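A short worksheet on the structure shown next.
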Amino acid sequence: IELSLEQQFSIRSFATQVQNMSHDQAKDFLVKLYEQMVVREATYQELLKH
Amino acid sequence: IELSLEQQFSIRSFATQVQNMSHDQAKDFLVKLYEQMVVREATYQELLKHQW
């Protein structure tokens, strides 16, 4: 639950780049990021269960 | 990557919701989602450590 300074820097920096995105770019990025998350969660769950 | 059928359904569900967002809604939700991904990652790292 406690984030590192580097994690916090990454989020704050991402947020500044999101503000330059068009409507179309933000939408395509959302769907791609959700897909990355769902795949990554499945990977972690497998590692944990093994 | 090759997605499972359940992943395909979840992502399509999410795509329907997104394609109906305004510019500002999509930007705001993107920053929230990225934060949630980082937090989840931190949580998983904690769970792995508490096995080994």
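Ligands are numbered from 1 in the order shown, residues from 1 within each chain, and chains are lettered A, B, ... in the order they appear in the structure tokens.
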Excluding segment 9-12 of chain A and any residue of its chain fewer than 3 positions from it, enumerate the residues within 12 Å of it, using only C-alpha atoms, and give them as a list in words.
residues 3, 4, 5, 6, 15, 16, 17, 18 and 19 of chain A; 30, 31, 32, 33, 34, 35, 36, 37, 38 and 39 of chain B
Select from chain B every residue with an atom at most 9 Å from any atom of chain A, then for each give the shortest pair of atoms and their distance in Å to one decimal, using only C-alpha atoms, rows by chain and rising number, as a tab-separated table.
```
residue	atom	partner	partner_atom	distance
B:1	CA	A:39	CA	8.6
B:3	CA	A:39	CA	7.8
B:7	CA	A:38	CA	7.0
B:8	CA	A:35	CA	8.9
B:10	CA	A:38	CA	8.6
B:11	CA	A:35	CA	6.4
B:12	CA	A:31	CA	8.9
B:14	CA	A:31	CA	7.2
B:15	CA	A:31	CA	6.1
B:18	CA	A:27	CA	6.4
B:19	CA	A:27	CA	6.9
B:21	CA	A:27	CA	8.1
B:22	CA	A:23	CA	7.3
B:23	CA	A:23	CA	4.6
B:24	CA	A:23	CA	7.9
B:26	CA	A:26	CA	5.9
B:27	CA	A:26	CA	5.9
B:28	CA	A:18	CA	8.6
B:29	CA	A:30	CA	8.1
B:30	CA	A:30	CA	5.8
B:31	CA	A:15	CA	5.7
B:33	CA	A:34	CA	7.9
B:34	CA	A:11	CA	7.0
B:35	CA	A:11	CA	6.1
B:37	CA	A:37	CA	6.7
B:38	CA	A:7	CA	7.0
B:39	CA	A:1	CA	6.5
B:40	CA	A:41	CA	8.5
B:41	CA	A:41	CA	8.6
B:42	CA	A:1	CA	7.0
B:43	CA	A:1	CA	6.6
B:44	CA	A:44	CA	6.9
B:45	CA	A:44	CA	9.0
B:47	CA	A:48	CA	8.0
B:48	CA	A:48	CA	6.6
B:51	CA	A:48	CA	8.3
```
Could you tell me, as a PyMOL selection string, which residues of chain A DSSP assigns to helix (DSSP H, G or I) when given the backbone?
chain A and resi 5-18+23-49
